[PDB]
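Count residues from 1 along the sequence.
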Amino acid sequence: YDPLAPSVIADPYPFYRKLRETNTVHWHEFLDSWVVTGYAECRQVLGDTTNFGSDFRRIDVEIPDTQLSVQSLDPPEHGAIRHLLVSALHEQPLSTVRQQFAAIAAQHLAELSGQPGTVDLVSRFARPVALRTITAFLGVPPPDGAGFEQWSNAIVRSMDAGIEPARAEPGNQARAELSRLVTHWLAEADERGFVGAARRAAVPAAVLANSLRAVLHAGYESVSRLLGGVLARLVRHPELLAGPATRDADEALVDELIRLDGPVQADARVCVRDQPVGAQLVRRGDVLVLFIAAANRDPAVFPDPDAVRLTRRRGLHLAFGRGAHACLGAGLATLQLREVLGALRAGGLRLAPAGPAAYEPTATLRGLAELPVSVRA
Ligand code: HEM
Ligand SMILES: OC[C@H]1O[C@@H](O)[C@H](O)[C@@H](O)[C@@H]1O
Ligand SMILES: [K+]
């Protein structure tokens, strides 16, 4: 199947499942990569940095030192920047973070109220909430919302350069733009917030710069598109918000919403040393694309995998990855989604579909182009 085909983009999960039912580890000749849709296989590969990696220099590919980043480094170089970032994260008092995240979500939901017409929740909520959320965490002044979204979208689309090579160049321009933003914050930002703390811990400057850019961009786009998908489920299934509304009830719901609507559809690795993966033998130099969203629909692990079931065992889904590169912001994201759920219950606003959910032609990171709804108090 063509991952950018409109009908695939409309709902890829049947295509994931049919791929998996024929072979959990599938060689895609025209992409020249293994496609891994089984839960056990994605989980195996994600955690094994000895045989599968993110630093293509381990297969003798020249990567300039100027381009190195936390997400493209493996042990031993990965540990230095990784724990630097985690240490800066852990300096942020969570009471403050929750206060900020809750206020941002409430503010944008109130702007939506009193609107008697159709509203786009992507541009009106997911994106602006994501941007204010991540820059509040970083302790830096928010950039212009529309302008930032354009640069960042170019980068998301460049992730599909394997499918459409022309999508690659716009990303290089957008990366350079975010690098300018990161450079400016490193020079000017307050000692409060994440940026200030990471600057103190400092690892080479390029790794730090590109790693801060990764925090900015991953955090913006992961949260933005998580909210889009979650809201899309909620507008069609408002009963999800009618639940008990306890802490533990929202914990289970958040886990299911992240399992089902996590935006990361593909997480790539390179084979550094031969290893059996599923029914196949993967060879050194082979690229593996882990379809972790499909893995998160593996019926062997998640019965009725396309259904929200609030009594499932926690700790299973792979939407934050697993192992050395597992999402640094996983705690922040589950926190942020709780506050959104909480704000929606406190808003009592009624959001009903005002048209179809429209998805953007991005295959690696799933995102809505538009989520038209009507608001009713
Ligand atoms: C405040 C929010 C977030 C921040 C700051 C953030 C940042 C990051 C960073 C810096 C990494 C790289 C870790 C490394 O390579 O060592 C990462 C990895 C990852 N993130 Fe997050 N992210 C956020 C939210 C999310 C959300 C909501 C999702 C999905 C629901 C997500 C999915 C992932 C995944 C799957 C990985 C692993 C990629 C891999 O295996 O290399 N992130 N994130
Ligand atoms: O798969 C697209 C992206 O998922 C992300 O959460 C991480 O930022 C990257 O490691 C990865 O390239
Ligand atoms: K060198």
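Taking 4.5 Å as the limit, some side-chain heavy atom of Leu181 sits within range of a side-chain heavy atom of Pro143. Within the 4.5 Å cutoff, the side chain of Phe137 has heavy atoms near those of the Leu89 side chain. Between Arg322 and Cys42, the closest side-chain pair of non-hydrogen atoms is not below 4.5 Å. Between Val272 and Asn51 the shortest side-chain heavy-atom distance does not fall below 4.5 Å. Side-chain contact between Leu186 and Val195 is present, with heavy atoms from C-beta onward closer than 4.5 Å. Taking the side chain as every heavy atom from C-beta outward, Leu351 and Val375 approach each other to under 4.5 Å.
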Verify side-chain hydrogen bond (donor to acceptor under 3.5 Å, both in side chains) between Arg124 and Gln115, making sure each step is shown before the conclusion. CA-CA 12 Å; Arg124 290 302 297 271; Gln115 289 289 333; 5.2 Å; no
Given side-chain contact (heavy atoms from CB on, under 4.5 Å), test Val8 with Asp2 step by step and report yes or no. CA-CA 7 Å; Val8 173; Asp2 175 12; 5.6 Å; no
Dump the intermediate steps for side-chain contact (heavy atoms from CB on, under 4.5 Å) on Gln275 and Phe52, then the final yes or no. CA-CA 9 Å; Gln275 188 68 50; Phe52 309 103; 3.6 Å; yes
Could you go through the side-chain contact (heavy atoms from CB on, under 4.5 Å) check for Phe291 and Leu19 one step at a time? CA-CA 10 Å; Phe291 277 23; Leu19 278 173; 4.0 Å; yes
Carefully, step by step, assess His325 and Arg269 under the rule side-chain contact (heavy atoms from CB on, under 4.5 Å). CA-CA 11 Å; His325 287 283; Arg269 291 289 189 279; 4.1 Å; yes
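Shown here for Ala189 and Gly139, the closest heavy-atom pair between the two residues is CB-O, 4.4 Å. The shortest non-hydrogen separation linking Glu256 to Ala307 is OE2-O, 3.3 Å. Nearest heavy-atom pair across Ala154 and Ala174 is CB-CB, 3.9 Å. Between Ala377 and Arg350 the shortest heavy-atom distance is O-NE, 3.4 Å. Counting all heavy atoms, side chain and backbone alike, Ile134 lies closest to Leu131 at CG2-O, 3.4 Å. The two residues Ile292 and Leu46 come nearest to each other via the heavy atoms CG2-CD1, 4.2 Å.
By the criterion of side-chain heavy atoms lying less than 4.5 angstrom apart, applied directly or through intervening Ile, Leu, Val, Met, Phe, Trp or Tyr residues, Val289 is not grouped with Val277; the two fall into different hydrophobic clusters. Both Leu365 and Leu288 are assigned to one and the same hydrophobic cluster, defined by single-linkage of ILVMFWY side chains at heavy-atom distances under 4.5 Å. Note on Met159: it does not cluster hydrophobically with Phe56, by side-chain heavy-atom contacts below 4.5 Å among ILVMFWY residues. Residue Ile59 is not grouped with residue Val45 when hydrophobic side chains (ILVMFWY) are merged at heavy-atom distances under 4.5 angstrom, including chains of intermediate members. Tracing side-chain contacts under 4.5 Å through hydrophobic residues (I, L, V, M, F, W, Y), one reaches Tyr359 starting from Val119; they form part of the same cluster.
Under the side chain to side chain contact (heavy atoms under 4.5 Å, CB included) criterion, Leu316 pairs with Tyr39, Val301, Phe302, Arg313, not counting sequence neighbours. Listed by chain and number, the residues in a side chain to side chain contact (heavy atoms under 4.5 Å, CB included) with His28 are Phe30, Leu31, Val35 (sequence neighbours excluded). Partners of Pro76 according to the side chain to side chain contact (heavy atoms under 4.5 Å, CB included) rule, which considers only residues two or more places apart in sequence or in another chain, do not exist here. The side-chain hydrogen bond (donor to acceptor under 3.5 Å, both in side chains) test applied to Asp55 returns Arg57, not counting sequence neighbours. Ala363 pairs by the side chain to side chain contact (heavy atoms under 4.5 Å, CB included) definition with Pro3, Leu4, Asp160, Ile163, not counting sequence neighbours.
Rounding to the nearest 0.5 Å places CZ of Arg157 at 13.0 Å from CD1 of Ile155. One distance of note links CZ of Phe194 with OG1 of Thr135; it measures 13.5 Å at 0.5 Å rounding. Atom CG of residue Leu368 and atom OG1 of residue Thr362 lie 9.5 Å apart, to the nearest 0.5 angstrom. Note: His317 NE2 to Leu257 CG = 10.0 Å, rounded to the nearest 0.5 Å. A distance of 5.5 Å separates CD in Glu111 from NE2 in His108, rounded to the nearest 0.5 Å. Note: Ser113 OG to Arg376 CZ = 15.0 Å, rounded to the nearest 0.5 Å.
Sorted by first then second residue, the salt bridge (charged side-chain N to carboxylate O under 4.0 Å, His left out) pairs that include residues 184-197, not counting sequence neighbours, are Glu191-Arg199, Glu191-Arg200. Residue pairs meeting the side-chain hydrogen bond (donor to acceptor under 3.5 Å, both in side chains) criterion with at least one partner in residues 80-89, sequence neighbours excluded, do not occur; the list is empty. Contacts classified as salt bridge (charged side-chain N to carboxylate O under 4.0 Å, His left out) and involving residues 30-42 (residues at least two apart or in different chains) are not found. The salt bridge (charged side-chain N to carboxylate O under 4.0 Å, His left out) pairs that include a residue from residues 274-300 are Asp60-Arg284, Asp274-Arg283, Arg297-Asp306, where partners are two or more places apart or lie in different chains. Residue pairs meeting the salt bridge (charged side-chain N to carboxylate O under 4.0 Å, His left out) criterion with at least one partner in residues 228-246, sequence neighbours excluded, are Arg233-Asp261. Residue pairs meeting the side-chain hydrogen bond (donor to acceptor under 3.5 Å, both in side chains) criterion with at least one member in residues 333-349, sequence neighbours excluded: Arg98-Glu339, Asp250-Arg345.
Screening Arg175, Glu169, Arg167 for a side-chain hydrogen bond (donor to acceptor under 3.5 Å, both in side chains) involving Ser158 leaves a single residue, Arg175.
At a threshold of 4.0 Å, the pair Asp255-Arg312 does not count as salt-bridged, since none of the basic side-chain nitrogens sits closer than that to a carboxylate oxygen. The residues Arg180 and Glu177 are annotated as not salt-bridged, no charged nitrogen and carboxylate oxygen being separated by less than 4.0 angstrom.
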Check: residues 206-218 side-chain donor-acceptor pairs under 3.5 Å, at least two apart:
unit_1, atom_1, unit_2, atom_2, d
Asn210, OD1, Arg213, NH2, 3.3
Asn210, ND2, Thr66, O, 2.9
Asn210, ND2, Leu68, O, 2.8
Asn210, ND2, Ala206, O, 3.3
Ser211, OG, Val70, N, 3.1
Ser211, OG, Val207, O, 2.4
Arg213, NE, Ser179, OG, 3.3
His217, NE2, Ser152, O, 3.2
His217, NE2, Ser152, OG, 3.0

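Crowding of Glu62 atom CD: a count of heavy atoms from other residues, nucleotides or ligands under 6.0 Å not exceeding 12.
Below 30°, between 30° and 60°, or above 60°: for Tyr220 and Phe148 the angle between ring planes is above 60°, a perpendicular geometry.
No donor-acceptor distance shorter than 3.5 angstrom exists from the side chain of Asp267 to the backbone of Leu290, with no hydrogens or angles considered.
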